[PDB]
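This document starts with one chain, in the form deposited in one PDB entry, laid out as structure tokens.
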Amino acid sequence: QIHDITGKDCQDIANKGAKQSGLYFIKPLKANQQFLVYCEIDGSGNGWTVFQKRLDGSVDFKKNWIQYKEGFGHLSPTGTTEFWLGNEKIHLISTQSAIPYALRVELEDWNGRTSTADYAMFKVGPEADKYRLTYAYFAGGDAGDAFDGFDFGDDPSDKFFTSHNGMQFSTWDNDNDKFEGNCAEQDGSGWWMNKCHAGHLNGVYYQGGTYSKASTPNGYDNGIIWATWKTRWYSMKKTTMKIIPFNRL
């Protein structure tokens, strides 16, 4: 169920001997209390700390500010459950000791195809700054750089409106996006919204992947999308968001 070795993150845990993916307790520099996390440990001593997992539609991601801050969903020793670790926890881990962390987004098709996109020096700011997302540069991966924005063809400024670097976090009850409307409320989720998104992993779980403007009453493209890999009308089967010290790349 829960393992004995502890550390500041899952890589520290892997450095002390652990070799099994599962549940562990970690306690980041500024964390006043230790908390449970799911570590993904491979055969090379890499220990990834997982903060988001989607895989079957068992959890509703339309949650409020406090819920996204504190975390929701279920942690499993087998890693077969959906959850959002919580913004406060993501902030403590990603910023401890100025350690440079890499973010890996892992996506899976309804056809079995898996792809990734890595971001170097990933950080999530404090609540005072609405848990802002920042990264140095896109490090590569076959899923493409959706965080850089995308020209959907709706408006000439599409790319400027869909990039995510520097965006604050938004929920339906705490709008901090760059839109006249409320992106989080119209989509029904919590995310680093601009106006509104090119990459959005906290969307509605559409069975089968393919969906359309007809699926929803207003025709919003509110699924689990990553524009640089699949069409905005294609919703992912599984997603994983995880972090590890940059030197482990």
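Residues carry their position along the shown sequence, with the first being 1.
One more form of this protein exists, namely the form solved in complex with a partner chain; it is left out here, but the text below deals with it.
- Under a 4.5 angstroms non-hydrogen atom cutoff, the partner chain in the deposited bound form has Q186 among its neighbouring residues.
- Among residues of the shown chain, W110 is not one whose heavy atoms approach the partner chain to within 4.5 Å in the deposited bound form.
- The partner chain is not shown here, and in the deposited bound form it never comes within 4.5 Å of any heavy atom of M236.
- Taking non-hydrogen atoms only, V204 never approaches the partner chain to within 4.5 angstroms in the deposited bound form.
- Across the options 132-140, 112-120, 157-165, 95-103, residues that bring heavy atoms within 4.5 Å of the partner chain in the deposited bound form belong to 157-165.
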